[PDB]
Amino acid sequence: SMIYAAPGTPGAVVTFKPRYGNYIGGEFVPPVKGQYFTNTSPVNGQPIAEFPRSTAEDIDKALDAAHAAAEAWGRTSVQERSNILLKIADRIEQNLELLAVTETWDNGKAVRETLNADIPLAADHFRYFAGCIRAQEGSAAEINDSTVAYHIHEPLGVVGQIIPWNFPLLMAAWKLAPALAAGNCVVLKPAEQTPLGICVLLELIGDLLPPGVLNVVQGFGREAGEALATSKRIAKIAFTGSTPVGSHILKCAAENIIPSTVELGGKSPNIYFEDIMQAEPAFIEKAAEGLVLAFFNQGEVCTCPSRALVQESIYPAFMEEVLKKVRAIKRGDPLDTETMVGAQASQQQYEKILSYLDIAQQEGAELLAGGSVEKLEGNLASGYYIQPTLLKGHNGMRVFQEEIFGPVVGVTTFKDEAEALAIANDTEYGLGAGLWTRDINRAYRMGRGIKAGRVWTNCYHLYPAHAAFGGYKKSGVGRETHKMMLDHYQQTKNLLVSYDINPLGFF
């Protein structure tokens, strides 16, 4: 149990620069038009540093470097690219605390999360894709005695990637590890709310990559992001974030006829069947933790289990176990490892959540816990903290239909399996679901029946590599965190070779 000192104060593991540049062609550079913005910490509302408010000119300067690097990088051997990714993972792990404190400071989440989930998972994502590129094969098949089809994976070349602020470094790893393993150059546009972590990381790893292979351009969505998403000099666009912006991203890709992948959030149901109350006491506790895991990362998780569906025959008994855990949630300084729920990422997100709490009250949702701002001591008072909130309601309510992205769960009941499936699928989203039952047949039936990319069965919030992650329905298109992604970042070249010297007989 320990408390990390705030950056720049005595004992801190890091002191940040007062100003950061874009990372282009192997070096930090200022924005072309010299404009900056100020990034603040959500821990205490206080400013951190200045970052470029880049424009189209910077995106094009980054695309120049990426395009000059792409040919030699795409032709770097699989072994060598793999080995570089293994060194990136090493550097992440050797700097685990530094990166975890940076991430907490910039984003607000509890440092026990960055120490145990974000940074280690980010390092492992690089080892995983370093390994999968070693294993990747195209194909060779004999169509007939003198005709052979070869399929060779090729880099797309230069790709654009736009990431959000809820897992700044993990999202970066999710995007960069496969794109780089596949031999592409990247222009990455981080979320303007969280520009710091990727800058610190680039200071740690930048020398491992040839100049121009990894380019990071800071700035606002409707400026730097839009120049990248509409650019005619990228071969592919990747995006994680809001549904309206994602749809716009897909429209930009449609105009240029380039492939696209997007992950757009969800309204994931956590489904609890009655037989869990006949299982072991540890399992009942695990199921209750699975509901309260909705408050992990302050609910700022695309697969946050924001609807709990509890079989009505066990609702009183099971909710007793749930509420014991909600009530024990320790609040405080996000840099205290004891703290279990940190700060929201921005004032805007803070305001969004408070609006939804009012909408919930107005439409008749009943508060079982929380419901208000969390007022914390000292310097934390200027930060953005909300109480873990549990609302009783029905699936027709707005707060059961729209993604809040705060520490808010709506709980409702169902009578039988058919109704649980109907409520679970009564959403436009389809990113994740949780499923709690010890009957193998129900586990399988519900697992197949839920229209979601991931169904966590008797667990929640596990995001290992080697498990494909992505949307059904409006939650998006494509998959991440699995070697199948390499195909989103590569093109298939079919050499169709004839070894027959004779004409076909047609002309």
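So that there is no doubt, residue numbering starts at 1 and follows the sequence shown.
Inset, instruction - Between 372 to 380 and 423 to 431, name whichever shows the higher mean Cα B factor according to the PDB entry. - result: Mean C-alpha B-factor is greater for 372 to 380.
Inset, instruction - Look up the CA B-factors in the entry and say which stretch, 362 to 370 or 131 to 139, has the higher mean. - result: Result of the comparison: 362 to 370.
Inset, instruction - Kindly indicate the residue among 318, 239, 414, 436 with the greatest C-alpha B-factor in the PDB record. - result: That would be 318, according to the entry.
Legend entry - Identity of residue with top Cα B-factor, from 149, 390, 186, 250: Comparing C-alpha B-factors across 149, 390, 186, 250, the top value belongs to 390.
Inset, instruction - Comparing against every modelled residue in the chain, figure out the third that the C-alpha B-factor of residue 47 lands in (lowest, middle or highest). - result: Tercile = highest for this residue's CA B-factor.
Inset, instruction - Place residue 449 in the lowest, middle or highest third of its chain's C-alpha B-factors, as listed in the PDB entry. - result: Ranked within chain, residue 449 CA B lands in the lowest tercile.
Legend entry - Chain third (lowest, middle, highest) by recorded CA B-factor, residue given as residue 396: Tercile = highest for this residue's CA B-factor.
Inset, instruction - Tell me, lowest, middle or highest third: where does the Cα B factor of residue 334 rank within its chain? - result: Top third by C-alpha B-factor.
Inset, instruction - Quick one: classify residue 24 as lowest, middle or highest third of the chain based on its Cα B-factor. - result: Middle third of the chain for residue 24's C-alpha B-factor.
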